[PDB]
Structures are given as C-alpha cells and as structure tokens.
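Shown here is one chain on its own, the form deposited in one PDB entry, set out as structure tokens.
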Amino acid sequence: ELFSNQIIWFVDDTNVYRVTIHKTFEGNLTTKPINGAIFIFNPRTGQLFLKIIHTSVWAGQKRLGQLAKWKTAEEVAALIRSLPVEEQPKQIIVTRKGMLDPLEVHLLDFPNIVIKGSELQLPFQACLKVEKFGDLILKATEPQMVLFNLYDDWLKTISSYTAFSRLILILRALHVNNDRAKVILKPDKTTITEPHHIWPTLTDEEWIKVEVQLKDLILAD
C-alpha cells in the first residue's frame, strides 16, 4: 500500500488554525491567531511540503476552525496544480476526517486522486517544538512553502518502511513527552544534528536503543 509505485501524501491540517488564549486584567479571554502550517508528507521519500499559514489569511472571517479545513483543501489543490502531472499524488490520506469533504470538493478536476481518512497517529504537531520548524512558522510574515527531507540520510542504509516507522516513533514520543523524548534523542554530550538535517546523527546501535526507548515512552503515555 504505502511504498509502491503510487505517490502517496499524508495531509495533516491540525496545525493550520492556531491561537493564543489569554485572561486579561479585566477577566475576559482574548483569543489571538498565530501562524500555522499544513504538513503534506510523502512516506516513501520523506519529502515534506510545509505550507506556512500566516495569520493575515483569517482577517475578517469567523468560525476559523471550520474555515481552516477549507483553506487546507485550497492549498493542497494549489500545490497539486503547481506540480507536473507525474509528480501529483495518486492517494491522499488525511489524518483528520474533517478534511474529507473539503478535499473532495476541491479536487474534482483530479479524478485519478483517491482521498481517504486514517486512524493512524501521526502527530506532525510535534514538529512545532522542533526549533527549525517552530521558529520558521512563528516568525513568518507572509505565507510560503518550504521543502524538507524528514528522513535525513537514513535511506542510504534503511528502507522507506523502516524510516517511516522511526519517524512516527519520534513524532509520537515528542508529542507525548517532548522533554524526555529530546533526552532520548541526545544520548551523548557530543550528539549533534547537522544544520540541514532535522534529526540527530546517531550510529545504528544508538538508533536501536532510541527506537525502543521512544516506543516505551509512547506506551507509558
């Protein structure tokens, strides 16, 4: 299913509409949008398209949570139209069921694309506390798209299946317990992440231990 000749994208809209809530000195709640992002992810290659959503897009509107699903569908269609046909996905898997109808309506010109939902736990929200992504999203002054390779150099020595599994454990562990996951991912004082990489440079033996520890952290919930 995943990892064949068919191009597959996971689409996560969870982080598109984001707000800060504050109790004022007068005792009322202010809710202020902050920048968000769409995550569009190819599990075979590790490609991430990060569409940064600047708060200016909300200017005027209400029911921003519902509108955000539609904005996401619009942006997915816009990305697809910007790609040659051979690079367009055959399947889009949405991580949240609320994306199904908006995407259906936005992709009527793409009869080859199959849209489905999922029960998979793929918390791209965890990327918001990976500084590379978090600061980039925070500080943006306009919408833009940024490409990343979420598998770093892993595919030189492991399969796409193994890479996908490693990434999911990382994201879920960061989601469940960011601070402990970050410790697990830094086994030595000298552990570094290369500037163009997302994740640490670890030996095969270190990854084995990390993967078990991340799994145990998720199990502990």
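The term rigid core refers to the most C-alpha atoms you can superpose between the two forms while keeping them within 1.5 Å. Only residues modelled in both forms are compared. Residue numbers here begin at 1 and follow the sequence given.
Same protein, other form: the form deposited in another entry, not shown, and the subject of what follows.
Measuring CA movement between the shown form and the other one with the rigid core aligned, the set 31, 159, 190, 56 has one residue at 2 Å or more: 31. Taking the rigid core as fixed, one finds a CA shift for residue 21 of 2 Å or more between the shown form and the other one.
Note on residue 179 and residue 23: their C-alpha atoms are nearer in that other deposited form, a change of at least 3 Å from this conformation. Between residue 134 and residue 21, the Cα distance is smaller in that other deposited form than in this structure, by no less than 3 angstroms. Remark: 20 to 32 is the one run between the shown form and the other one in which three or more consecutive shared residues have Cα displacements of 2 Å or more on core superposition.
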